[PDB]
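Below, in structure tokens: the form deposited in one PDB entry, a single chain.
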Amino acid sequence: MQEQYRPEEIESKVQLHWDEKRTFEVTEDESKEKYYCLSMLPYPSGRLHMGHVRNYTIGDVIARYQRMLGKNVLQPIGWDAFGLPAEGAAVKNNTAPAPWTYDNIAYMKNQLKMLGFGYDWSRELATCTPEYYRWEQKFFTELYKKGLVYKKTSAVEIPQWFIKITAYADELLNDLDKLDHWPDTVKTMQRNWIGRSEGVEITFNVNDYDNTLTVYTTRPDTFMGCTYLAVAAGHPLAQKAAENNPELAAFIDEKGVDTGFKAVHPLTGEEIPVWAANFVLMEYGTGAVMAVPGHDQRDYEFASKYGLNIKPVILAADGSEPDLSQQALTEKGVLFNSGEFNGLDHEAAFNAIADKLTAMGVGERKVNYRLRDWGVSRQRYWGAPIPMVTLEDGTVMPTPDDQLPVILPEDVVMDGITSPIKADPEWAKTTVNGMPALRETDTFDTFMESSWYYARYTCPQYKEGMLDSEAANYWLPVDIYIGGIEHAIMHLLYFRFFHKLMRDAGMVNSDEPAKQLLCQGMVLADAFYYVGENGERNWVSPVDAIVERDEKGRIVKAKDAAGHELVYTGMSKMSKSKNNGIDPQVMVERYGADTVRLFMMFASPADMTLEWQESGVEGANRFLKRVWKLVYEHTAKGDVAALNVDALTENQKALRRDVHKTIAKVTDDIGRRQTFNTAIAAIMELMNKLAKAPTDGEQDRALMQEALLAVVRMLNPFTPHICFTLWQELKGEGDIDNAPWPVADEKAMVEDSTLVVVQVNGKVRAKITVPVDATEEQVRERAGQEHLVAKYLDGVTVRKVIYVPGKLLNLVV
């Protein structure tokens, strides 16, 4: 064994062994319990950033741990390879999107291998390849035949293809209650985004107008407080009046403008004015609202700006008429100033007033949803072509199966204005049923590829369909999905929906794609800036800052190499703007992958923010050098005898108890609690003890052998290169990757003594060690033999005692 730990001499050799032996390649083995650990696949942007390293380190810890528990673990990797960034870069360089993408994949693939993530590389997918995207083209035609896809002109104004996600709204909503192992914050975000609401549609007659006008409200209980109506800019009434009204005609093309039209409030008989307003969405509900400025903030502002009546109809929480001098009272409450409805509380008032309007035939209950259909068309080159075609006679139909995939041409030259498949008017020309035809030139929203990759991983070379259901149903649902909270209302909603569409096409037999979602925290770093003589802030990398600390270590002044004085702004999100990014490649090359992985798992709980500190990375590196050292010194003395567990000293028994208690804690921390920082802390604390243990007698050496074999396994999911090597040095059986996770020996953990905390009136006065089965009377006796306790008992009376067996004695005195 080498005396020096040299990650450069170890990491690449171990990594080649994983490739040569295909260690992490797995099949659908029905004799093993499966575990599917998935991390969100990266965009091939150029290089890994620290958030990738944290995300993928967390998955790999879990994947390697679950393998050591004896599960059959799938951990796949791939590339979300279409999208805008490659078009930018093709343009800026001499190039095309494809070759730039493929070069970035190679480079980042190598980075991921250098970090030693145990991926099933045989299942690696790049989404920009036709062997991948053909299936989303085929599935899209299937969706179209099922009635779930349509074309419409909208604005986000050009024609677009839409998938009917609103047909699954109620299921996407209901199923949130099955996702106990998703964070509440993500579930709340999706609930709010889907935005189901229960309201009322209300119709008014309008003076001098051939039609009625209808609004949607979730607050019909405030209807007697309605002093005006507001319509969206592009509303047919708003448009009708704008014909004989310059001001309004002027406004539609851009706050509000009086239509001049008067609506008849149907409960009070009063005429109220109809405005056109910019806060009223033509797309949601009817594109018109009944304005209640006393009780909706937005209506409150509009009324104020135009001097419209503000009428109070809801009492304050304490029963008092509200102060609307400042703002709306939005709190639901008891009605007043509302005729027959006065005194009714919210729920009663909602239903009373809905019932009346329904009976009068001017309103009705209505469920609306904020969720819109999913616009999947993009006027961009670097994406999967939409498999639709237009015949000469005008009929739009799917691309015929015998012309799928519709291949995006990769050898193109970009001009930066127009898509090459759009600029070359020959590309669109095709033949269907003899009759000539035009194929769609738009490409899919890139969220298309990421919405099903997690399923394709289960059968990545299957040629007979998007999925081989037997394989998909073996692996799915994903057991844990790791990726950031920022995907909550886009990818994390789309992948739920696409799972359900695949279920309903018969391809999978489960309702939800992932059991647990773990959202890892952001990685932060110190940020500094100086003010140039031009008054501009120039941000200086903490890498490049020279701080100087006070007597206790607080930063109290700082400069760059150029002598500029720096203001310290604390820890912040890594970015280009603040100049505080840390390149993970530099740190892997400086310290080795194992150091980097360990620091990132150690520094903070996975779901909390992580503060990068090079001094912590250095600390992680030193710890690994201490582990290396202990194993070097122990293995230098050769083979060990069998441990004799019955003849151990009390000191030996305590160290062994510490080894096994550590096994139990680290097990519970990694597997149940998912607190990896405290797992590592427990291993460090044990390692400190082990470094102080004798190692000359045969028994001391057998005990050390057992401890080190346990420690190297426990560290392995974090630092697998060093551990792979240390295990061989210890003469552990086979490769560490398939060694069993240590299980704590209950006999080793039995205590023969226990520590009792002796309090006198609630305040600690001693801590005594007694035989483990000492009785309450014996503990008491012992407690009063302690001068430190007795001096608080001197000439005073014990009123009672509290005893928690083997733990605590409190003398109340």
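Start at 1 and count along the sequence shown; that's the residue number. In this text, rigid core is short for the largest set of C-alphas that superpose within 1.5 Å between two forms.
Just so it is clear, the following notes concern the form deposited in another entry, a form of the same protein that is not shown.
| field | Option from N110, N93, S577, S122 moving between the shown form and the other one, CA shift at or above 2 Å, rigid core reference | value | So the only displaced C-alpha belongs to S577.
| field | After fitting the core, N337 CA displacement of 2 Å or more between the shown form and the other one | value | Yes; that C-alpha moves by at least 2 Å between the shown form and the other one.
| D794: with the rigid core matched between the shown form and the other one, does its Cα shift 2 Å or more? | Yes, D794 moves 2 Å or more.
| After superposition on the rigid core, does the Cα atom of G51 shift by at least 2 Å between the shown form and the other one? | No, the C-alpha position differs by under 2 Å between the shown form and the other one.
| Outcome for the Cα pair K576, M114 in the other entry, compared with this form (closer or farther; change of 3 Å or more) | It is closer: in the other entry, the C-alpha atoms of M114 and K576 lie at least 3 Å nearer than they do here.
| query | Between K576 and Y56, does the Cα distance in the other entry come out closer or farther than in this form, changing by 3 Å or more? | reply | Residues converge in the other entry, at least 3 Å closer.
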